[PDB]
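Have a look at the structure below before the remarks.
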Amino acid sequence: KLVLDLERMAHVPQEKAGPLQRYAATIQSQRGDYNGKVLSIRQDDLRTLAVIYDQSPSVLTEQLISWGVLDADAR
Ligand SMILES: Nc1nc2c(ncn2[C@@H]2O[C@@H]3COP(=O)(O)O[C@H]4[C@@H](O)[C@H](n5cnc6c(=O)[nH]c(N)nc65)O[C@@H]4COP(=O)(O)O[C@H]3[C@H]2O)c(=O)[nH]1
Ligand SMILES: Nc1nc2c(ncn2[C@@H]2O[C@@H]3COP(=O)(O)O[C@H]4[C@@H](O)[C@H](n5cnc6c(=O)[nH]c(N)nc65)O[C@@H]4COP(=O)(O)O[C@H]3[C@H]2O)c(=O)[nH]1
């Protein structure tokens, strides 16, 4: 399970924040979960985020865990 902590997402360094924040906003909106504090995403979404961020998926996963946005279990 890939679960994003939206509160922590507000504290990702501003240089990296935009794309992830829009991607989460859009999924949350499409689901109609406007009041949610956390957001599960598809495995395919993590691979898409790796492309957007030009990172190895392992690196991006570890980054998102270090920022507290993904849980350790995401590994
Ligand atoms: N529990 C569960 N239900 C699933 C899953 N996949 C699809 N569904 C259900 O099937 C719906 C239609 O899926 P969709 O055509 O992909 O249409 C989806 C999709 O295009 C997009 N969306 C929603 N959530 C995500 C997401 O986490 N990631 C991505 N990439 N797109 C999403 O917004 C649409 C509307 O989402 P919903 O209103 O939630 O409506 C979803 C949802 O009720 C799943 O892996 N698990
Ligand atoms: N083709 C297809 N596959 C399905 C469907 N439902 C579930 N799966 C598969 O089963 C996995 C787990 O579903 P989940 O526990 O609901 O766990 C899902 C779920 O909580 C949520 N999710 C993903 N997409 C949607 C969505 O469109 N709507 C909603 N409400 N939740 C979603 O994100 C989690 C992870 O998504 P995935 O990595 O894709 O991982 C999904 C996906 O591979 C479906 O209707 N169609």
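Per residue of the chain, what 222 nm ellipticity follows from adding -39500 (n - 2.57) for every DSSP H run with n ≥ 4, rounded to the nearest 500?
-16500 deg cm²/dmol
Quick one: order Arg8, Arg42 by neighbouring beta-carbon count within 10 Å, fewest to most.
Placing the least packed residue first, the sequence is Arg42, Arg8.
Taking amide hydrogens as modeled 1.01 Å from N in the peptide plane, which residues meet the under 5 Å criterion relative to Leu2, leaving out close sequence neighbours?
Amide H to amide H, under 5 Å and 5 or more residues apart or across chains, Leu2 pairs with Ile41.
Is the shape of the chain rounded, prolate or oblate, going by the alpha carbon gyration tensor and its root eigenvalues a ≥ b ≥ c, with a/c under 1.5 for rounded and a/b larger than b/c for prolate?
rounded
Counting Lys +1, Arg +1, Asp -1, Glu -1, what net charge surrounds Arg75 among other residues with beta carbon under 14 Å of its beta carbon?
-2
Could you order the peptides 23-36, 53-66 from most to least packed, using the average number of other C-beta atoms within 10 Å per residue?
Peptide ranking by packing, descending: 53-66, 23-36.
Given Cβ point charges of +1 (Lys, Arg) and -1 (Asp, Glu) and nothing else, what value in debye, to the nearest 20, does the dipole of the chain about its Cα centre take?
In total the dipole reaches around 140 debye.
With ideal geometry, Cβ positions are generated from the backbone for all residues, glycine too; neighbour counts draw on all protein chains shown. Just so you know, all these numbers are worked out from the coordinates, no wet-lab data involved.
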